[PDB]
């Protein structure tokens, strides 16, 4: 029935953007939350680390002439916005969700705390991690590996705009094939794009396997959770 009991779902801000060129598209987020809700109702404990690219865009231009760290702090503030909207959407579906921020925040969100988050998962709630790792110069993928290892998740579900890992950029090379399973070293030796070095190393060092898939492809989240053939499995 269920292959992965506890998962850390990594969603980029862009995933909530749909076709729009900025922000959150109501239809996309509803479709996404609903799909996550489905696996939760199947009893899966879900942890979500969400990015802020969809909202950073509106401030990307100015970022250029800003101190990178500061630009990154705005990015983190952007994730919190997606975290909030994401939670609101779950409550609408009858699923309770809690937002834990890596940087302490008064009323918008609870501060990250391992014991509480684990509990929340157990209590059947979706835990949404905001503000990445709390530090600049680190990617969302990195924050996903960190929270994943901390939450003792069975695997990290890296959701992307491609339904898996290809021998080469499929969107620009129709003859590209999707790997069904690959190793960390293989991914490296083959210069395959899975995630940034730092995040990749963290997943290895913590023995956190990764499944790359395309969330927007209706039904694949459930397929991966159930063990069907979907996306690429990267293991150590």
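Positions refer to the first chain, counted from 1.
Determine, for stretches 21 to 29 and 8 to 16, which one has the higher mean CA B-factor as deposited.
Higher mean C-alpha B-factor: 21 to 29.
Between 75 to 83 and 112 to 120, which has the higher average C-alpha B-factor in the PDB entry?
That would be 112 to 120.
Just grab whichever of 66, 50, 208, 197 has the top CA B-factor as deposited.
Reading the PDB entry, the winner on C-alpha B-factor is 66.
Please pick out which of 36, 55, 202, 192 has the largest Cα B-factor as recorded in the entry.
Highest C-alpha B-factor among the listed residues goes to 192.
State the tercile, meaning the lowest, middle or highest third, of residue 140 with respect to the CA B-factors recorded for its chain.
Its C-alpha B-factor, which the entry lists for residue 140, ranks in the lowest third among residues of this chain.
Which third, lowest, middle or highest, does the C-alpha temperature factor of residue 101 belong to within its own chain?
It falls in the bottom third of the chain.
Within this chain, which third does the Cα B-factor at residue 44 fall in: lowest, middle or highest?
Ranked within chain, residue 44 CA B lands in the middle tercile.
Modelled-residue ranking by C-alpha temperature factor, third containing residue 166
Its C-alpha B-factor belongs to the highest third of this chain's values.
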